[PDB]
Amino acid sequence: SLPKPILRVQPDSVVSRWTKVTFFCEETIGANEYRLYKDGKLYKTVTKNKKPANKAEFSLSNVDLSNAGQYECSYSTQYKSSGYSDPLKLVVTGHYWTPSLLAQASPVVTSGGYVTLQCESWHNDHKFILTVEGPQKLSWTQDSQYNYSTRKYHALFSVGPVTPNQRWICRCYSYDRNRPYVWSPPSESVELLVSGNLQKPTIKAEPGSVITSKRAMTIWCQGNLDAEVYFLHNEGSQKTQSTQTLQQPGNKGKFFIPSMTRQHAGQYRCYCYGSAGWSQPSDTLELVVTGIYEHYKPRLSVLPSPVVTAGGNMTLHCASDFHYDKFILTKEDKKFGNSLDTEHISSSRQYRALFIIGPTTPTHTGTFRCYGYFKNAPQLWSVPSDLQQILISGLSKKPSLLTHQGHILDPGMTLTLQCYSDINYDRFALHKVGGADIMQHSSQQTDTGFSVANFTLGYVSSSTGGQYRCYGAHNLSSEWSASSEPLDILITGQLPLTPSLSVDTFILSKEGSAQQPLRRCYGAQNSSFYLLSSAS
Ligand SMILES: *[C@@H]1O[C@H](CO)[C@@H](O[C@@H]2O[C@H](CO)[C@@H](O)[C@H](O)[C@H]2NC(C)=O)[C@H](O)[C@H]1NC(C)=O
Ligand SMILES: *[C@@H]1O[C@H](CO)[C@@H](O)[C@H](O)[C@H]1NC(C)=O
């Protein structure tokens, strides 16, 4: 008789509870009156009187559960009421406990593959529906199995085969068979991460891959410039979506973490979807959180000296009273070498690790820290040891020490050491032999025509007396330099004796600072060599 009308809904057929929905009856013949039928019954009637148009609206504001069901549209032209538009199933979510949807292994799927998702729910007699967020809505319906241990009803969906052209976003629903038009509120969006075949995004970690706990860090995913959304993922276990990306320079998907915890460490990969579909995943960037296991801090030492000559063998010692599995050295903020198995020494009650370095390339110069961690948690490290710094000399002119303020000192005289050189080094390093610390200062350009470095030590005590050496380096250079002749600092007033012989060794010095005392007169001993006491 007459052209069957077209019934449309906004928003979609599956609407969340308590939201406004609108039906639209459309035709071209005429518009005398429109009628909306709900489940085979006259629900509403809109007349084109009191503005004249060709399409009629039916608003159902504040939708509740009772508004779910079949809807048809009929119209009348002249005095002919004509048939029905093909029915439209309005579905309302709510009334139930929210189901859970879990990527059974991981959301990761190489294109053309299937992933299994488990959908759980507490409801006794319920069917499960898995839908994907796409144009032509893909659905799957399963019966619920019951896990007697967890006392929960679950069903598994094998969603696939996953095509690399379309973004896959899965959601689950639970619903009673007897009332099909009423589903549960949708579970959390499970988005599948597809390993495409386009170029790989470079993944980066700006502050570093090693981060102390509770601190901030950022993960960048830069790559193809026809990319739209960047993802970060962990083997165990994360999903993160970035839509708003820095366009300058080029698509840079930024991720920000305010404070690092246990659940932020692990191996990260960057997945990416774009106009030409998905891309091959990034390299596995391993994020490491330290500061955890903050009870037993490891301790780091070095032998034979914190400063070794170029081309020598030198061992670092990572030790801890706690039975860690492995110890790892880090230079600056970066990992160094690899992990070594801990080794329980029977004598020192310690767990030991000997990082042997030989020969010493100028690359080993830096600040080392040893961490302890366990096998089952490779990304959760201990609290860093007190730093042990390494200097490596060998290849430049030996920068002599001025050694002013005298050569033999009495507590307490403000001792300062100057380290000069003919070669214009941009930085000098002073070291007291047998010590663990190395001092460094920016050299100042004196008028004469070279650089002098000021090393202001504290008040002279009995402990400040020893042997000193200075080293020189440039700005662009990572190579430190061979040290000068040893400076022997001698301290007085450290023995209850006054010499009258002018006791293994005997010292003799001028009232003025001589270039070197020979071995007023002073008296020392072979064991405690740098300690003296006299009056003449
Ligand atoms: C580097 O250290 C020397 C210390 O020898 C400083 O020299 C002072 O110089 C004044 C005159 O210029 C002398 O009267 C003082 O006796 C010196 N100090 C001492 C402790 O002897 C020099 O100023 C320092 N230079 C820089 C750039 O810090
Ligand atoms: C170990 O280092 C020392 C000095 O650094 C060197 O003389 C010695 O030859 C090294 N050991 C071996 C086996 O070469």
# chains A, B, ... in the order shown; residues from 1 in each chain; ligands from 1
>>> residues_around(residues="residue 192 of chain A", least_positions_apart="3", cutoff="12 Å", atoms="only C-alpha atoms", output="PyMOL selection string")
chain A and resi 102-111+113-117+132-133+159-164+166-171+189+195-196+231-233+238-241+271-273+278
>>> residues_around(residues="segment 521-536 of chain A", least_positions_apart="5", cutoff="7 Å", atoms="only C-alpha atoms", output="ChimeraX atom specification")
/A:465-466,489-495,497-499,502-509
>>> write_last_selection(atoms="N, CA and C atoms", output="mmCIF file, in the first residue's frame")
data_model
loop_
_atom_site.group_PDB
_atom_site.id
_atom_site.type_symbol
_atom_site.label_atom_id
_atom_site.label_comp_id
_atom_site.auth_asym_id
_atom_site.auth_seq_id
_atom_site.Cartn_x
_atom_site.Cartn_y
_atom_site.Cartn_z
ATOM 1 N N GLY A 465 95.820 14.026 58.014
ATOM 2 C CA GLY A 465 97.179 13.778 57.568
ATOM 3 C C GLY A 465 97.314 12.513 56.743
ATOM 4 N N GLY A 466 97.793 12.664 55.512
ATOM 5 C CA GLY A 466 97.978 11.533 54.623
ATOM 6 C C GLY A 466 98.683 11.901 53.332
ATOM 7 N N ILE A 489 101.146 14.995 53.734
ATOM 8 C CA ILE A 489 100.714 15.925 54.770
ATOM 9 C C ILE A 489 101.027 15.363 56.152
ATOM 10 N N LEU A 490 101.773 16.131 56.940
ATOM 11 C CA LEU A 490 102.229 15.677 58.247
ATOM 12 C C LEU A 490 101.581 16.473 59.377
ATOM 13 N N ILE A 491 101.111 15.768 60.402
ATOM 14 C CA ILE A 491 100.421 16.402 61.523
ATOM 15 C C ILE A 491 101.248 16.318 62.805
ATOM 16 N N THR A 492 101.273 17.406 63.569
ATOM 17 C CA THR A 492 102.036 17.451 64.812
ATOM 18 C C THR A 492 101.132 17.321 66.034
ATOM 19 N N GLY A 493 101.749 17.240 67.209
ATOM 20 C CA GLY A 493 101.018 17.139 68.458
ATOM 21 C C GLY A 493 100.229 15.850 68.578
ATOM 22 N N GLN A 494 100.818 14.755 68.110
ATOM 23 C CA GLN A 494 100.144 13.462 68.132
ATOM 24 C C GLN A 494 100.929 12.425 68.933
ATOM 25 N N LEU A 495 101.979 12.873 69.613
ATOM 26 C CA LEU A 495 102.764 12.002 70.485
ATOM 27 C C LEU A 495 103.187 12.746 71.749
ATOM 28 N N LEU A 497 105.931 12.964 73.244
ATOM 29 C CA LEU A 497 107.383 13.104 73.340
ATOM 30 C C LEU A 497 107.896 14.367 72.654
ATOM 31 N N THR A 498 108.969 14.928 73.203
ATOM 32 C CA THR A 498 109.622 16.094 72.620
ATOM 33 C C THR A 498 111.074 15.759 72.290
ATOM 34 N N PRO A 499 111.430 15.818 70.998
ATOM 35 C CA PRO A 499 112.745 15.387 70.509
ATOM 36 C C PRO A 499 113.897 16.281 70.958
ATOM 37 N N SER A 502 118.257 16.364 67.998
ATOM 38 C CA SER A 502 118.700 17.287 66.959
ATOM 39 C C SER A 502 118.642 18.730 67.448
ATOM 40 N N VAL A 503 110.774 4.818 67.879
ATOM 41 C CA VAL A 503 111.129 5.920 66.993
ATOM 42 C C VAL A 503 111.894 5.406 65.777
ATOM 43 N N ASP A 504 111.166 4.825 64.829
ATOM 44 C CA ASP A 504 111.778 4.267 63.629
ATOM 45 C C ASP A 504 112.259 5.367 62.689
ATOM 46 N N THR A 505 111.360 6.285 62.350
ATOM 47 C CA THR A 505 111.693 7.392 61.462
ATOM 48 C C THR A 505 111.863 8.693 62.240
ATOM 49 N N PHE A 506 112.733 9.564 61.741
ATOM 50 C CA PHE A 506 112.949 10.870 62.351
ATOM 51 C C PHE A 506 112.832 11.964 61.295
ATOM 52 N N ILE A 507 112.115 13.032 61.628
ATOM 53 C CA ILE A 507 111.830 14.091 60.665
ATOM 54 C C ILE A 507 112.593 15.367 61.009
ATOM 55 N N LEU A 508 112.954 16.133 59.987
ATOM 56 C CA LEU A 508 113.613 17.418 60.184
ATOM 57 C C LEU A 508 113.081 18.442 59.185
ATOM 58 N N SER A 509 112.602 19.574 59.690
ATOM 59 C CA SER A 509 111.995 20.585 58.832
ATOM 60 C C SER A 509 112.402 22.006 59.219
#
>>> residues_around(residues="segment 470-485 of chain A", least_positions_apart="6", cutoff="9 Å", atoms="only C-alpha atoms", output="PDB file with N, CA, C and O atoms, in the first residue's frame")
ATOM      1  N   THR A 309      95.030   3.078  37.615  1.00  0.00           N
ATOM      2  CA  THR A 309      95.715   3.438  36.379  1.00  0.00           C
ATOM      3  C   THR A 309      95.014   2.807  35.179  1.00  0.00           C
ATOM      4  O   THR A 309      94.305   1.808  35.322  1.00  0.00           O
ATOM      5  N   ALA A 310      95.212   3.394  34.002  1.00  0.00           N
ATOM      6  CA  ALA A 310      94.532   2.933  32.793  1.00  0.00           C
ATOM      7  C   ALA A 310      95.108   1.617  32.304  1.00  0.00           C
ATOM      8  O   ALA A 310      96.317   1.489  32.104  1.00  0.00           O
ATOM      9  N   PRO A 362      88.745   4.234  30.105  1.00  0.00           N
ATOM     10  CA  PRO A 362      88.318   5.519  30.678  1.00  0.00           C
ATOM     11  C   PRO A 362      86.799   5.675  30.818  1.00  0.00           C
ATOM     12  O   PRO A 362      86.338   6.703  31.314  1.00  0.00           O
ATOM     13  N   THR A 363      86.042   4.670  30.389  1.00  0.00           N
ATOM     14  CA  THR A 363      84.588   4.699  30.484  1.00  0.00           C
ATOM     15  C   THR A 363      84.106   4.343  31.887  1.00  0.00           C
ATOM     16  O   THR A 363      82.980   4.665  32.264  1.00  0.00           O
ATOM     17  N   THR A 365      85.162   5.540  34.578  1.00  0.00           N
ATOM     18  CA  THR A 365      85.188   6.719  35.435  1.00  0.00           C
ATOM     19  C   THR A 365      83.776   7.251  35.640  1.00  0.00           C
ATOM     20  O   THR A 365      83.097   7.618  34.679  1.00  0.00           O
ATOM     21  N   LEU A 391      87.783   6.955  39.568  1.00  0.00           N
ATOM     22  CA  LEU A 391      88.592   7.846  38.745  1.00  0.00           C
ATOM     23  C   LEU A 391      89.633   7.012  38.002  1.00  0.00           C
ATOM     24  O   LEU A 391      90.203   6.084  38.572  1.00  0.00           O
ATOM     25  N   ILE A 392      89.882   7.325  36.733  1.00  0.00           N
ATOM     26  CA  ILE A 392      90.865   6.568  35.960  1.00  0.00           C
ATOM     27  C   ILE A 392      91.882   7.470  35.264  1.00  0.00           C
ATOM     28  O   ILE A 392      91.547   8.209  34.339  1.00  0.00           O
ATOM     29  N   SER A 393      93.129   7.385  35.715  1.00  0.00           N
ATOM     30  CA  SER A 393      94.207   8.238  35.224  1.00  0.00           C
ATOM     31  C   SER A 393      95.026   7.556  34.134  1.00  0.00           C
ATOM     32  O   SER A 393      94.819   6.379  33.845  1.00  0.00           O
ATOM     33  N   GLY A 394      95.956   8.294  33.534  1.00  0.00           N
ATOM     34  CA  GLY A 394      96.887   7.693  32.598  1.00  0.00           C
ATOM     35  C   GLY A 394      97.459   8.554  31.484  1.00  0.00           C
ATOM     36  O   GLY A 394      98.654   8.474  31.199  1.00  0.00           O
ATOM     37  N   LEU A 395      96.626   9.375  30.848  1.00  0.00           N
ATOM     38  CA  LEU A 395      97.019   9.976  29.573  1.00  0.00           C
ATOM     39  C   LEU A 395      96.948  11.503  29.485  1.00  0.00           C
ATOM     40  O   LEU A 395      96.168  12.045  28.698  1.00  0.00           O
ATOM     41  N   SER A 396      97.773  12.180  30.281  1.00  0.00           N
ATOM     42  CA  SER A 396      98.050  13.612  30.123  1.00  0.00           C
ATOM     43  C   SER A 396      99.182  14.015  31.060  1.00  0.00           C
ATOM     44  O   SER A 396      99.646  13.204  31.863  1.00  0.00           O
ATOM     45  N   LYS A 397      99.623  15.265  30.958  1.00  0.00           N
ATOM     46  CA  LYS A 397     100.639  15.791  31.866  1.00  0.00           C
ATOM     47  C   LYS A 397     100.158  15.752  33.310  1.00  0.00           C
ATOM     48  O   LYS A 397      99.026  16.132  33.605  1.00  0.00           O
ATOM     49  N   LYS A 398     101.029  15.300  34.205  1.00  0.00           N
ATOM     50  CA  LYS A 398     100.703  15.217  35.622  1.00  0.00           C
ATOM     51  C   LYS A 398     100.637  16.606  36.260  1.00  0.00           C
ATOM     52  O   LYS A 398     101.654  17.288  36.389  1.00  0.00           O
ATOM     53  N   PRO A 399      99.428  17.031  36.659  1.00  0.00           N
ATOM     54  CA  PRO A 399      99.221  18.365  37.238  1.00  0.00           C
ATOM     55  C   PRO A 399      99.756  18.471  38.665  1.00  0.00           C
ATOM     56  O   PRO A 399      99.149  17.943  39.595  1.00  0.00           O
ATOM     57  N   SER A 400     100.880  19.161  38.826  1.00  0.00           N
ATOM     58  CA  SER A 400     101.556  19.252  40.116  1.00  0.00           C
ATOM     59  C   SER A 400     100.726  19.978  41.171  1.00  0.00           C
ATOM     60  O   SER A 400      99.885  20.818  40.849  1.00  0.00           O
ATOM     61  N   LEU A 401     100.971  19.639  42.433  1.00  0.00           N
ATOM     62  CA  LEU A 401     100.291  20.268  43.559  1.00  0.00           C
ATOM     63  C   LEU A 401     101.163  21.352  44.185  1.00  0.00           C
ATOM     64  O   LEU A 401     102.341  21.125  44.460  1.00  0.00           O
ATOM     65  N   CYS A 419      95.801  22.795  43.082  1.00  0.00           N
ATOM     66  CA  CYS A 419      96.349  21.914  42.050  1.00  0.00           C
ATOM     67  C   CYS A 419      96.469  22.623  40.704  1.00  0.00           C
ATOM     68  O   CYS A 419      95.471  22.885  40.034  1.00  0.00           O
ATOM     69  N   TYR A 420      97.705  22.922  40.316  1.00  0.00           N
ATOM     70  CA  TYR A 420      97.977  23.670  39.093  1.00  0.00           C
ATOM     71  C   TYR A 420      98.523  22.784  37.979  1.00  0.00           C
ATOM     72  O   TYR A 420      98.956  21.657  38.221  1.00  0.00           O
ATOM     73  N   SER A 421      98.501  23.309  36.757  1.00  0.00           N
ATOM     74  CA  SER A 421      99.061  22.616  35.602  1.00  0.00           C
ATOM     75  C   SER A 421      99.266  23.577  34.437  1.00  0.00           C
ATOM     76  O   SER A 421      98.578  24.590  34.329  1.00  0.00           O
ATOM     77  N   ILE A 423      98.966  22.649  31.168  1.00  0.00           N
ATOM     78  CA  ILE A 423      97.846  22.356  30.284  1.00  0.00           C
ATOM     79  C   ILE A 423      96.560  22.889  30.902  1.00  0.00           C
ATOM     80  O   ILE A 423      96.282  22.649  32.075  1.00  0.00           O
ATOM     81  N   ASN A 424      95.781  23.621  30.113  1.00  0.00           N
ATOM     82  CA  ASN A 424      94.556  24.227  30.616  1.00  0.00           C
ATOM     83  C   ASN A 424      93.437  23.207  30.810  1.00  0.00           C
ATOM     84  O   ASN A 424      92.548  23.082  29.968  1.00  0.00           O
ATOM     85  N   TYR A 425      93.491  22.476  31.918  1.00  0.00           N
ATOM     86  CA  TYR A 425      92.416  21.556  32.273  1.00  0.00           C
ATOM     87  C   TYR A 425      91.210  22.343  32.769  1.00  0.00           C
ATOM     88  O   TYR A 425      91.359  23.365  33.439  1.00  0.00           O
ATOM     89  N   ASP A 426      90.015  21.865  32.440  1.00  0.00           N
ATOM     90  CA  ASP A 426      88.792  22.558  32.823  1.00  0.00           C
ATOM     91  C   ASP A 426      88.283  22.100  34.185  1.00  0.00           C
ATOM     92  O   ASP A 426      87.324  22.660  34.714  1.00  0.00           O
ATOM     93  N   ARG A 427      88.933  21.088  34.751  1.00  0.00           N
ATOM     94  CA  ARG A 427      88.477  20.499  36.005  1.00  0.00           C
ATOM     95  C   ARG A 427      89.560  19.643  36.662  1.00  0.00           C
ATOM     96  O   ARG A 427      90.264  18.883  35.981  1.00  0.00           O
ATOM     97  N   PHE A 428      89.685  19.767  37.982  1.00  0.00           N
ATOM     98  CA  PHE A 428      90.687  19.004  38.725  1.00  0.00           C
ATOM     99  C   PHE A 428      90.070  18.089  39.782  1.00  0.00           C
ATOM    100  O   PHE A 428      89.013  18.393  40.344  1.00  0.00           O
ATOM    101  N   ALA A 429      90.746  16.973  40.051  1.00  0.00           N
ATOM    102  CA  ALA A 429      90.275  16.005  41.040  1.00  0.00           C
ATOM    103  C   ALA A 429      91.353  15.663  42.064  1.00  0.00           C
ATOM    104  O   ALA A 429      92.414  15.155  41.713  1.00  0.00           O
ATOM    105  N   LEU A 430      91.065  15.933  43.333  1.00  0.00           N
ATOM    106  CA  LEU A 430      91.984  15.626  44.421  1.00  0.00           C
ATOM    107  C   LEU A 430      91.584  14.339  45.139  1.00  0.00           C
ATOM    108  O   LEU A 430      90.394  14.081  45.358  1.00  0.00           O
ATOM    109  N   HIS A 431      92.581  13.535  45.503  1.00  0.00           N
ATOM    110  CA  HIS A 431      92.332  12.292  46.224  1.00  0.00           C
ATOM    111  C   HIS A 431      93.356  12.039  47.326  1.00  0.00           C
ATOM    112  O   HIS A 431      94.563  12.139  47.102  1.00  0.00           O
TER     113      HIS A 431
END
>>> closest_atom_pairs(of="chain A", to="ligand 1", cutoff="10 Å", atoms="only C-alpha atoms and all ligand atoms", output="JSON lines")
{"residue": "A:402", "atom": "CA", "partner": "ligand 1", "partner_atom_place_in_ligand_line": "5 (O)", "distance": 8.7}
{"residue": "A:403", "atom": "CA", "partner": "ligand 1", "partner_atom_place_in_ligand_line": "5 (O)", "distance": 8.7}
{"residue": "A:404", "atom": "CA", "partner": "ligand 1", "partner_atom_place_in_ligand_line": "5 (O)", "distance": 6.0}
{"residue": "A:405", "atom": "CA", "partner": "ligand 1", "partner_atom_place_in_ligand_line": "21 (O)", "distance": 6.1}
{"residue": "A:406", "atom": "CA", "partner": "ligand 1", "partner_atom_place_in_ligand_line": "21 (O)", "distance": 9.8}
{"residue": "A:413", "atom": "CA", "partner": "ligand 1", "partner_atom_place_in_ligand_line": "20 (C)", "distance": 10.0}
{"residue": "A:414", "atom": "CA", "partner": "ligand 1", "partner_atom_place_in_ligand_line": "20 (C)", "distance": 7.3}
{"residue": "A:415", "atom": "CA", "partner": "ligand 1", "partner_atom_place_in_ligand_line": "20 (C)", "distance": 7.4}
{"residue": "A:416", "atom": "CA", "partner": "ligand 1", "partner_atom_place_in_ligand_line": "20 (C)", "distance": 6.2}
{"residue": "A:417", "atom": "CA", "partner": "ligand 1", "partner_atom_place_in_ligand_line": "5 (O)", "distance": 7.3}
{"residue": "A:418", "atom": "CA", "partner": "ligand 1", "partner_atom_place_in_ligand_line": "2 (O)", "distance": 6.2}
{"residue": "A:419", "atom": "CA", "partner": "ligand 1", "partner_atom_place_in_ligand_line": "1 (C)", "distance": 9.3}
{"residue": "A:442", "atom": "CA", "partner": "ligand 1", "partner_atom_place_in_ligand_line": "27 (C)", "distance": 9.9}
{"residue": "A:443", "atom": "CA", "partner": "ligand 1", "partner_atom_place_in_ligand_line": "27 (C)", "distance": 8.1}
{"residue": "A:444", "atom": "CA", "partner": "ligand 1", "partner_atom_place_in_ligand_line": "27 (C)", "distance": 5.7}
{"residue": "A:445", "atom": "CA", "partner": "ligand 1", "partner_atom_place_in_ligand_line": "27 (C)", "distance": 8.0}
{"residue": "A:446", "atom": "CA", "partner": "ligand 1", "partner_atom_place_in_ligand_line": "27 (C)", "distance": 7.8}
{"residue": "A:451", "atom": "CA", "partner": "ligand 1", "partner_atom_place_in_ligand_line": "27 (C)", "distance": 9.5}
{"residue": "A:452", "atom": "CA", "partner": "ligand 1", "partner_atom_place_in_ligand_line": "1 (C)", "distance": 7.2}
{"residue": "A:453", "atom": "CA", "partner": "ligand 1", "partner_atom_place_in_ligand_line": "1 (C)", "distance": 6.6}
{"residue": "A:454", "atom": "CA", "partner": "ligand 1", "partner_atom_place_in_ligand_line": "1 (C)", "distance": 4.6}
{"residue": "A:455", "atom": "CA", "partner": "ligand 1", "partner_atom_place_in_ligand_line": "2 (O)", "distance": 7.4}
{"residue": "A:456", "atom": "CA", "partner": "ligand 1", "partner_atom_place_in_ligand_line": "2 (O)", "distance": 7.7}
>>> select_by_dssp(residues="segment 233-411 of chain A", states="strand (DSSP E or B)", output="PDB file with C-alpha atoms, in the first residue's frame")
ATOM      1  CA  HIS A 233      51.609  -2.217  27.873  1.00  0.00           C
ATOM      2  CA  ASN A 234      53.385  -4.497  30.322  1.00  0.00           C
ATOM      3  CA  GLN A 238      49.076  -2.601  32.104  1.00  0.00           C
ATOM      4  CA  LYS A 239      47.121  -0.750  29.444  1.00  0.00           C
ATOM      5  CA  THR A 240      47.500   2.963  28.780  1.00  0.00           C
ATOM      6  CA  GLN A 241      45.910   5.017  26.024  1.00  0.00           C
ATOM      7  CA  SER A 242      47.099   8.365  24.711  1.00  0.00           C
ATOM      8  CA  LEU A 246      52.531  16.409  21.054  1.00  0.00           C
ATOM      9  CA  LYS A 252      55.036  12.030  20.427  1.00  0.00           C
ATOM     10  CA  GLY A 253      52.716  10.085  22.716  1.00  0.00           C
ATOM     11  CA  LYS A 254      53.570  11.128  26.268  1.00  0.00           C
ATOM     12  CA  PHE A 255      52.735   9.123  29.387  1.00  0.00           C
ATOM     13  CA  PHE A 256      53.215  10.533  32.883  1.00  0.00           C
ATOM     14  CA  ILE A 257      53.647   8.720  36.191  1.00  0.00           C
ATOM     15  CA  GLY A 266      58.208  -4.154  34.621  1.00  0.00           C
ATOM     16  CA  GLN A 267      58.818  -4.502  30.895  1.00  0.00           C
ATOM     17  CA  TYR A 268      57.014  -1.917  28.762  1.00  0.00           C
ATOM     18  CA  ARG A 269      56.020  -2.054  25.094  1.00  0.00           C
ATOM     19  CA  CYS A 270      54.489   0.649  22.913  1.00  0.00           C
ATOM     20  CA  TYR A 271      51.650  -0.375  20.613  1.00  0.00           C
ATOM     21  CA  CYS A 272      50.262   2.071  18.063  1.00  0.00           C
ATOM     22  CA  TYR A 273      47.181   2.447  15.859  1.00  0.00           C
ATOM     23  CA  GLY A 274      46.837   4.838  12.928  1.00  0.00           C
ATOM     24  CA  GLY A 277      46.164   0.494  10.854  1.00  0.00           C
ATOM     25  CA  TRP A 278      48.327  -0.908  13.639  1.00  0.00           C
ATOM     26  CA  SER A 279      52.122  -0.916  13.801  1.00  0.00           C
ATOM     27  CA  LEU A 285      61.887  -0.999  27.541  1.00  0.00           C
ATOM     28  CA  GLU A 286      62.475  -2.324  31.055  1.00  0.00           C
ATOM     29  CA  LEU A 287      61.340   0.022  33.829  1.00  0.00           C
ATOM     30  CA  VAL A 288      63.016  -0.494  37.196  1.00  0.00           C
ATOM     31  CA  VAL A 289      61.779   0.857  40.527  1.00  0.00           C
ATOM     32  CA  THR A 290      64.314   1.119  43.341  1.00  0.00           C
ATOM     33  CA  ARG A 299      77.155  -1.621  50.709  1.00  0.00           C
ATOM     34  CA  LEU A 300      79.698  -1.017  47.965  1.00  0.00           C
ATOM     35  CA  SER A 301      83.482  -0.894  48.186  1.00  0.00           C
ATOM     36  CA  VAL A 302      86.338  -0.953  45.678  1.00  0.00           C
ATOM     37  CA  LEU A 303      89.854  -2.384  45.510  1.00  0.00           C
ATOM     38  CA  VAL A 307      91.451   5.585  41.426  1.00  0.00           C
ATOM     39  CA  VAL A 308      93.192   3.043  39.196  1.00  0.00           C
ATOM     40  CA  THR A 309      95.715   3.438  36.379  1.00  0.00           C
ATOM     41  CA  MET A 314      89.952  -3.462  39.694  1.00  0.00           C
ATOM     42  CA  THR A 315      87.197  -5.149  41.702  1.00  0.00           C
ATOM     43  CA  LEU A 316      83.941  -3.692  43.035  1.00  0.00           C
ATOM     44  CA  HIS A 317      82.296  -5.277  46.099  1.00  0.00           C
ATOM     45  CA  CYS A 318      78.521  -5.347  46.522  1.00  0.00           C
ATOM     46  CA  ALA A 319      77.646  -6.882  49.895  1.00  0.00           C
ATOM     47  CA  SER A 320      74.536  -7.331  52.032  1.00  0.00           C
ATOM     48  CA  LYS A 326      71.409 -10.737  42.532  1.00  0.00           C
ATOM     49  CA  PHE A 327      73.468  -7.543  42.728  1.00  0.00           C
ATOM     50  CA  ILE A 328      73.591  -4.922  39.957  1.00  0.00           C
ATOM     51  CA  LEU A 329      76.001  -2.035  39.412  1.00  0.00           C
ATOM     52  CA  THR A 330      74.730   1.277  38.079  1.00  0.00           C
ATOM     53  CA  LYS A 331      76.878   4.113  36.774  1.00  0.00           C
ATOM     54  CA  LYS A 334      72.093   4.047  34.114  1.00  0.00           C
ATOM     55  CA  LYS A 335      72.451   0.284  34.525  1.00  0.00           C
ATOM     56  CA  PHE A 336      75.983  -1.062  34.145  1.00  0.00           C
ATOM     57  CA  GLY A 337      77.169  -4.474  32.982  1.00  0.00           C
ATOM     58  CA  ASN A 338      74.729  -7.047  34.314  1.00  0.00           C
ATOM     59  CA  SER A 339      73.563  -8.902  37.419  1.00  0.00           C
ATOM     60  CA  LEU A 340      75.720 -11.295  39.429  1.00  0.00           C
ATOM     61  CA  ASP A 341      74.456 -14.076  41.695  1.00  0.00           C
ATOM     62  CA  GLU A 343      77.337 -15.604  47.270  1.00  0.00           C
ATOM     63  CA  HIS A 344      77.077 -16.373  50.981  1.00  0.00           C
ATOM     64  CA  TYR A 351      76.218 -12.109  50.909  1.00  0.00           C
ATOM     65  CA  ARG A 352      78.848 -11.108  48.382  1.00  0.00           C
ATOM     66  CA  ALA A 353      79.234 -10.046  44.755  1.00  0.00           C
ATOM     67  CA  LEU A 354      82.560  -9.313  43.071  1.00  0.00           C
ATOM     68  CA  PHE A 355      82.250  -7.157  39.961  1.00  0.00           C
ATOM     69  CA  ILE A 356      85.671  -7.581  38.348  1.00  0.00           C
ATOM     70  CA  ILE A 357      86.719  -4.865  35.881  1.00  0.00           C
ATOM     71  CA  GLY A 366      81.977   7.727  37.189  1.00  0.00           C
ATOM     72  CA  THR A 367      79.726   7.203  40.202  1.00  0.00           C
ATOM     73  CA  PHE A 368      78.768   3.599  40.975  1.00  0.00           C
ATOM     74  CA  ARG A 369      75.925   2.262  43.118  1.00  0.00           C
ATOM     75  CA  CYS A 370      75.109  -1.404  43.748  1.00  0.00           C
ATOM     76  CA  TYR A 371      71.533  -2.642  44.150  1.00  0.00           C
ATOM     77  CA  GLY A 372      70.121  -5.944  45.362  1.00  0.00           C
ATOM     78  CA  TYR A 373      67.077  -7.698  43.938  1.00  0.00           C
ATOM     79  CA  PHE A 374      65.333 -11.062  43.699  1.00  0.00           C
ATOM     80  CA  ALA A 377      60.927  -9.645  40.778  1.00  0.00           C
ATOM     81  CA  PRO A 378      63.671  -8.523  38.340  1.00  0.00           C
ATOM     82  CA  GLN A 379      62.375  -4.937  38.198  1.00  0.00           C
ATOM     83  CA  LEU A 380      62.030  -4.351  41.943  1.00  0.00           C
ATOM     84  CA  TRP A 381      65.433  -3.336  43.315  1.00  0.00           C
ATOM     85  CA  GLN A 388      81.436   4.626  45.334  1.00  0.00           C
ATOM     86  CA  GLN A 389      83.180   6.839  42.791  1.00  0.00           C
ATOM     87  CA  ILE A 390      85.841   5.724  40.307  1.00  0.00           C
ATOM     88  CA  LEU A 391      88.592   7.846  38.745  1.00  0.00           C
ATOM     89  CA  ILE A 392      90.865   6.568  35.960  1.00  0.00           C
ATOM     90  CA  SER A 393      94.207   8.238  35.224  1.00  0.00           C
ATOM     91  CA  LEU A 401     100.291  20.268  43.559  1.00  0.00           C
ATOM     92  CA  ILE A 408     103.822  20.091  58.306  1.00  0.00           C
ATOM     93  CA  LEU A 409     100.695  21.189  60.171  1.00  0.00           C
TER      94      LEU A 409
END
>>> residues_around(residues="segment 291-293 of chain A", least_positions_apart="2", cutoff="9 Å", atoms="only C-alpha atoms", output="PyMOL selection string")
chain A and resi 211-214+261-262+289+295-297+372-373+380-384
>>> closest_residue(among="A:313, A:463, A:448, A:150", to="ligand 2", atoms="only C-alpha atoms and all ligand atoms")
A:313
